[PDB]
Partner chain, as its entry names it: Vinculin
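Take a look at this single chain in structure tokens; it is the form deposited without its partner chain.
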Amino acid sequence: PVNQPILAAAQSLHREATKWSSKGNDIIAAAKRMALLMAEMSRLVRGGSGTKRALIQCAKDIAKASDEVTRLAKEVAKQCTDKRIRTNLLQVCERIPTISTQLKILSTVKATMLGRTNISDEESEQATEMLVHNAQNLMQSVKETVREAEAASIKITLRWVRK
């Protein structure tokens, strides 16, 4: 069914995001959608063909959800009194648009490769491993962004309720 390391990265973010309720928290909601979509991604990279259009669109959905995470976490940071946390939170959540832009590039590469041209099992495996590493980086960054966004809120209209 799956590419295990992508699914594991997805579950890793799911575990952090499900510490809290989505109610009145769109960072939490977006992060949960990201983890669910990234699990779908691991199915798609490990299915196919037929999965070409789906691979591209799934990455687009993930990138859209990550813009919401980024946008909100930047607002949290810029209300945070602790410079140490504020700076760290700005540092991480400003990696995210680049990583999720990279997710869209590498998914399209994996999906479409060289168009009509024939491709080896080596190029195919290499393209998988590029995608894998980028997915782990993304899941890591958002998980760190969730943790720090909550840490920063202690120093401050966003709701953190433990489940």
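Positions refer to the first chain, counted from 1.
What follows is about the form deposited with its partner chain bound, which we do not show.
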Checklist entry - Could you tell me if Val109 has a non-hydrogen atom within 4.5 Å of its partner chain in the deposited bound form? => result yes
Checklist entry - Can any non-hydrogen atom of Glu129 be found within 4.5 angstroms of its partner chain in the deposited bound form? => result yes
Checklist entry - So, in the deposited bound form, is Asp26 in contact with its partner chain at a 4.5 angstroms heavy atom limit? => result no
